[PDB]
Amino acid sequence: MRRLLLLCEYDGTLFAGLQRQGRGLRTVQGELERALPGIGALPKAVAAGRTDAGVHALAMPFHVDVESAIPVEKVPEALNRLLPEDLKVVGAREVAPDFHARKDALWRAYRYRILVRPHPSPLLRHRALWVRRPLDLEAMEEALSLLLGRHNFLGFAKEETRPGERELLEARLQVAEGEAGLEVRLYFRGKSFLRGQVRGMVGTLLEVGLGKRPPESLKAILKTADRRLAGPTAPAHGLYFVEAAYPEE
């Protein structure tokens, strides 16, 4: 009837992930679908992607179909009265009846935040990875550059097996000296990502930043695509799905 693109922000700490999983488990998709009826929409939400348990989102897109006559500009506010405090709709747009949040996406962007300081931070404990040791940003930037472009990224995926060639469009490191302390931010942009990939890339880069054979080691993992050569997956609370882009119309 009317199909809308909903942008959602969520604190993923108290969710078992985005995808609805059954057996009572609390999920982002589950909670958005639980509230769609309240606005005259079918209880079905198709997401642009999938976030693991604990990972956050700034503007995760979902398309939904509303039977009702609610004006678009009224949808966020209305769904927000119904949604829990850790998941809110921060935008809505009328799209083509044809629109598909997952398939029509040009690209997806993620951001990982590391907070470098002598002591843990109660204020940012679920928002950034606390790292006590000094970090070698130069070694990290040289490894980051190895990841750019067309590669088989399976060496960084998780329970992933599937056709692994992806093309990383962007992989940059930013240091922003916040008050809660100094932060190192890793940004990644690509059409799509393997499941677990970003957290995978981040854990090995972190190893680079401390001590772990130089950026050089990342060429083997990209070449062979052998998971046992990467480092451990970075914790979920420092990861954020930033946004997805779609072609005009």
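All residue numbers are counted from 1 along the displayed sequence.
- Look at the C-alpha B-factors of 48 to 56 and of 206 to 214. On average they run higher in 206 to 214.
- Two stretches are in play, 119 to 127 and 150 to 158, and the higher mean C-alpha B-factor belongs to 150 to 158.
- The PDB entry gives the largest Cα B-factor of the residues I70, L186, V64, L32 to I70.
- For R26, the recorded CA temperature factor ranks within the middle third of the chain's modelled residues.
- Ranked within its chain, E165 lands in the highest third, by CA B factor from the PDB record.
- Sorting the modelled residues of the chain by their CA temperature factor places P232 in the highest third.
- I39: CA B factor lies in the highest third for its chain, per the PDB record.
- Ranked against the other modelled residues of its chain, the C-alpha B-factor of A16 as given in the entry falls in the middle third.
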